[PDB]
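Here's the structure, in structure tokens; my notes come after.
Any read-out appearing in this document is the output of simple, stated calculations on the displayed coordinates, not a laboratory observation. Please note: Cβ atoms are built from the backbone with ideal geometry, for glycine as well, and neighbour counts cover all protein chains shown.
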Amino acid sequence: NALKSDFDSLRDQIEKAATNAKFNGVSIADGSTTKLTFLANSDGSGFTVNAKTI
Amino acid sequence: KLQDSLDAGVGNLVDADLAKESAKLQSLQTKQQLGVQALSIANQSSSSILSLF
């Protein structure tokens, strides 16, 4: 039971660390969106960064 | 660690690169002085009229 409580505390900490990784209201690692495209050139072509849910 | 990364990101957005700004200052000083001499030359254009009379 003690090892079980340790394991559950560790996974709850993982949920906290994963959910709180935001910047300017967006996150690439929490699974909220599929991808984040950023401007790459003057014509509006983007720079894709696929999301990696952790 | 999260507050550190957030402050570093806010600094990455707002902070200026001071070396480029020092170069821009060194350019603008000379540009302002050349403009002052250009206006000083422009002020004298009417002087030729006195020779006419």
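Could you look through the range A:11-27, keep only residues that are of a type in the set (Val, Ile, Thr) and part of a helix (DSSP H, G or I), and pick out the one that is nearest to residue B:12 (Cα to Cα)? Break it down into steps so the answer makes sense when it comes.
Initial filter on the range A:11-27 (of a type in the set (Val, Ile, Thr)): A:14, A:19, A:26.
Applying the additional criterion that residues be part of a helix (DSSP H, G or I) yields A:14, A:19.
Values: A:14: 27, A:19: 23 Å.
Among those residues, the one meeting the criterion is A:19.
Restricting to the range A:28-54, name every residue that is in a strand (DSSP E or B) and of a type in the set (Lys, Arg). Within the range A:28-54, just A:35 meets the criteria.
Restricting the range A:1-32 to residues that are hydroxyl-bearing (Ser, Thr, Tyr) and loosely packed, with under 11 Cβ neighbours inside 10 Å leaves a set whose member that is farthest from residue B:7 (Cα to Cα) is A:5. Among the numbered conditions (1) of a type in the set (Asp, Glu); (2) closer than 20 Å to residue B:2 by Cβ; (3) surrounded by fewer than 10 Cβ atoms within 10 Å (Cβ to Cβ), the only one that residue A:43 does not meet is (2).
For the range B:1-37, residues that are more than 20 Å from residue A:17 (Cα to Cα), within 14 Å of chain A (Cβ to nearest Cβ) and of a type in the set (S, T, N, Q) total 1. Among the residues making up the range B:1-29, a single one is exposed (fewer than 10 other Cβ atoms within 10 Å of the Cβ) and β-branched (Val, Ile, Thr): B:14. Within the range A:15-37, can one find any residue that is away from chain B (no Cβ under 14 Å) and aromatic (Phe, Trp, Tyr)? No: zero hits.
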